[PDB]
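So the structure is just underneath, and the comments pick up after that.
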Amino acid sequence: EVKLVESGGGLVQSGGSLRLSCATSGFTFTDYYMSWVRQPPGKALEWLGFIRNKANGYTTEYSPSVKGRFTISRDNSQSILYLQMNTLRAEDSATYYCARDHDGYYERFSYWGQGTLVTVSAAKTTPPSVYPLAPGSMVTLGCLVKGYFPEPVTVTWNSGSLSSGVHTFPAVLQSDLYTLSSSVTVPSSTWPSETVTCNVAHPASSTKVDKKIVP
Amino acid sequence: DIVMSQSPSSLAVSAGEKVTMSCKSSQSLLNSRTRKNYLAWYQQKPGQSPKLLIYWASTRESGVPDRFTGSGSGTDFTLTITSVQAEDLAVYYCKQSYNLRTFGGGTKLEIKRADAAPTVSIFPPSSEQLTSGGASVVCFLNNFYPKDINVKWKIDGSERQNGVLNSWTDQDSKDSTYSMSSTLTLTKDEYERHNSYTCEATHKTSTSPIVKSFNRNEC
Ligand SMILES: C=CCO[C@]1(C(=O)O)C[C@@H](O)[C@@H](O)[C@@H]([C@H](O)CO[C@H]2C=C(C(=O)O)O[C@H]([C@H](O)CO)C2)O1
Ligand SMILES: [Mg+2]
Ligand SMILES: [Mg+2]
Ligand SMILES: [Zn+2]
């Protein structure tokens, strides 16, 4: 199975630098060109650059938007791809994806990572407050994840075992902090007789919270 | 340079119907040496990474449903989805690889379905929030269609508009509905001055607003 996994995203100040990594497995790495692509929240994909395969001397090329400012490299012993970003600006805030590219024949990006979110901002990291939403045939419960920065957060219910009938609402920025909420709907016969817990993580602050919904 | 443009920006189609979208390049993508068009299509479902669907204009990647077909040549390309399914909700991107790579701006495909009324739930502030001096009241409006909906907050029977966070989900991949959360945030001091907290949802599915309320004395 082919796997691509980005890491290194997070909060960084304007003018700063950040380097992303993309761990790969499941294919012959040196056979392939590798690309980076980014996506500002709610906007289109933008191709940034590639590094060629061994047959082509592992040379690099860049979009005009980042040429001279970003650098792509690769570790061919461990099959890791890198993107060094310098002189970062607000316009660089985006999800960054690595994608497997050309093999000398096929014209396609076969595989993409899950992406890593970069936020360029002067604001400090603020962990979320996480509040249970309990009612005052089906029953709807929730968690309020309030007042954090930067994005993202992850929310699951019962460690991912409840996924059907979950709605996690996109975060909204107000007064320099994000808030989101998540609802889950379950049979009334199962709560509160069976436990319902939201599991919230905020990687920027290494926050891990499990909040049991109590009647 | 190579400019990629897509049309339409967005559209909605009902399950079972056909979808056509277009992709233009400012320069021909037909490689004279290999006799192929260097044009691929990607599907990006909400909250997911892009996934390859079609490459060399018309080659459908292994594992892609047969309902997706790429066509065209030179400067003009088309992705057609026959018998569209609820799960096809996504932004679709074309991408040239004739000279480096460049993506089009995407076409957002939404799914049209029959109107559906929201299921409305209200939640009082938690004691763990109130202890900190704040009071957020949350209303979920779940699984409705179409997206347009009105929510009013009333406190002891009087409408309030300051202090409100509204957020809509992307369309649901299974049932093609929308959901919305509305959060009213007060100080504890102001929260404690009133009793009745009401979320009222008005949606085209009824001339009667759906009213959910709680009373602070009952908590
Ligand atoms: C092999 C190099 C060319 O491949 C790339 C590149 O820029 O690395 C990447 C690929 O996805 C395509 O964009 C091609 C583009 O089609 C040009 O292709 C050429 C050009 C060269 C060259 O040597 O620069 O050689 C190719 C063949 O290997 C020669 O038979 C055709 O560009
Ligand atoms: Mg070179
Ligand atoms: Mg739903
Ligand atoms: Zn008052």
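For the record, the sequence lines run as chains B and A. Here the first sequence stands for residues 1 to 52, 52A to 52E, 53 to 82, 82A, 83 to 100, 100A to 100E, 101 to 125, 132 to 210, where the numbers follow the authors' numbering. Here the second sequence stands for residues 1 to 30, 30A to 30F, 31 to 213, where the numbers follow the authors' numbering. The C-beta atom is built at its ideal place from N, Cα and C for all residues, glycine as well.
key: Within 5 Å of ligand 1: residues by beta-carbon to any heavy atom   = B:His96 and A:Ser91
message = Can you check whether the C-beta of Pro8 (chain A) is within less than 8 Å of a C-beta belonging to chain B?
response = No, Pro8 (chain A) does not count as interfacial toward chain B.
message = For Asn52A (chain B), which residues in the same chain have their Cβ closer than 8 Å to its Cβ, ignoring the five residues on either side in sequence?
response = Cβ within range, chain order: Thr30, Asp31, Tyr32, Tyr33, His96, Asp97 and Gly98.
request  = Indicate, with yes or no, if ligand 2 has a heavy atom lying under 7 Å from the CB of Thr54 (chain B).
outcome  = yes
request  = Pull up the DSSP beta-bridge partners for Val107 (chain B), would you.
outcome  = B:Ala88
query = So, is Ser25 (chain B) buried or exposed, given that buried needs 16 or more other C-beta atoms within 10 angstroms?
reply = Exposed: under 16 other Cβ atoms inside 10 Å.
In chain order, each alpha helix (DSSP H) run of at least 4 residues that lies wholly inside the segment 85–161 of chain A = Inside the segment 85–161 of chain A, DSSP marks whole alpha helix (DSSP H) runs of 4 or more residues at positions 121–124, from first to last along the chain.
ask   = Shorter than 8 Å from the beta carbon of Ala88 (chain B) to some beta carbon of chain A?
value = no
inquiry  = For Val140 (chain B) and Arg95 (chain A), what's the separation of their Cα atoms in angstroms?
reply    = 39 Å
inquiry  = Can you confirm whether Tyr120 (chain B), when its beta carbon is compared against all beta carbons of chain A, has any partner nearer than 8 Å?
reply    = The beta-carbon of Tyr120 (chain B) is placed less than 8 Å from the nearest beta-carbon of chain A.
ask   = Would you call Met133 (chain B) buried or exposed, if buried means 16 or more other Cβ atoms sit within 10 Å of its Cβ?
value = exposed
key: Extent of the continuous beta strand (DSSP E) run through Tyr49 (chain A)   = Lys45 to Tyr49
request  = Give me the Cα-Cα distance between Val179 (chain B) and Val205 (chain A), rounded to the nearest whole angstrom.
outcome  = 20 Å
key: Same chain only: Cβ atoms within 6 Å of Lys206 (chain B), ignoring 5 sequence neighbours per side   = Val119, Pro121, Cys138 and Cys193
ask   = Between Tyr185 (chain A) and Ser207 (chain A), is the Cβ-Cβ spacing less than 8 Å?
value = no
query = Expressed to the nearest angstrom, what Euclidean distance is found between the alpha-carbon atoms of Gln73 (chain B) and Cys22 (chain B)?
reply = 11 Å
request  = Give, in chain order, every residue of the segment 155–167 of chain B whose Cβ lies closer than 8 Å to some Cβ of chain A.
outcome  = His162, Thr163, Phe164, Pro165, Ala166 and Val167
message = With a threshold of 7 Å (Cβ to nearest heavy atom), would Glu153 (chain A) be considered close to ligand 4?
response = no
request  = At 9 Å on the CB atoms, spell out the chain B contacts of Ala15 (chain A), in chain order.
outcome  = The contacting residues do not exist; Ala15 (chain A) stays about 20 Å from chain B at best.
Assigned secondary structure, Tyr33 (chain B) (DSSP; H/G/I helix, E/B strand, else coil) = In this structure, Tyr33 (chain B) counts as coil in the three-state DSSP scheme.
inquiry  = My assumption, with CB atoms under 8 Å, is that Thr174 (chain B) sits in contact with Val167 (chain B). Please give the rounded CB distance.
reply    = Going by Cβ atoms, the distance from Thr174 (chain B) to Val167 (chain B) rounds to 6 Å, so yes, they are a contact pair.
query = Within 8 Å (strictly less), CB to CB, does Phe100C (chain B) reach chain A?
reply = yes
message = For a cutoff of 8 Å on Cβ pairs, would you count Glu56 (chain B) as touching chain A?
response = yes
ask   = So, do the segment 66–80 of chain B and the segment 12–22 of chain B have three or more beta carbon pairs nearer to each other than 8 Å?
value = yes
inquiry  = Taking its Cβ as the centre, do 16 or more other Cβ atoms sit within 10 Å of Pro59 (chain A), making it buried, or is it exposed?
reply    = exposed
query = What in chain A is Cβ-close to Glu46 (chain B), meaning under 8 Å?
reply = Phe97
ask   = How is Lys113 (chain B) classed by DSSP in three states: helix, strand or coil?
value = coil
request  = Report the rounded CA-to-CA distance for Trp162 (chain A) versus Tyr172 (chain A), giving the unit in angstroms.
outcome  = For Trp162 (chain A) and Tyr172 (chain A), the distance between alpha carbons rounds to 7 Å.
inquiry  = With three or more beta-carbon pairs closer than 8 Å as the criterion, would you say the segment 42–59 of chain A touches the segment 4–19 of chain A?
reply    = The answer is no - the segment 4–19 of chain A does not touch the segment 42–59 of chain A, with fewer than three Cβ pairs under 8 Å.
inquiry  = Taking 6 Å as the limit, name every residue whose beta carbon sits nearer than that to some heavy atom of ligand 4, in sequence order.
reply    = Proximity to ligand 4 was defined by a C-beta distance below 6 Å to any of its heavy atoms, and the residues meeting it, in sequence along the chain, are A:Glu184, A:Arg187 and A:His188.
request  = Can you check DSSP and say which residues form a bridge with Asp70 (chain B)?
outcome  = B:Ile75
request  = Have a look at the DSSP bridge pairing and note the partners of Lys206 (chain B).
outcome  = B:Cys193
Local conformation of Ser56 (chain A) per DSSP, three classes = coil
task = Please state if the CB of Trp47 (chain B) and the CB of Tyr90 (chain B) are separated by a distance shorter than 8 Å.
result = no
Closer than 7 Å: residues whose CB approaches a heavy atom of ligand 3 = B:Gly160, B:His162, A:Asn136, A:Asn137, A:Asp166, A:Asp169, A:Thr171 and A:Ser173
query = Relative to the C-alpha of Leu29 (chain A), which residue among A:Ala108, A:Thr74 and A:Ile2 is closest?
reply = A:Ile2
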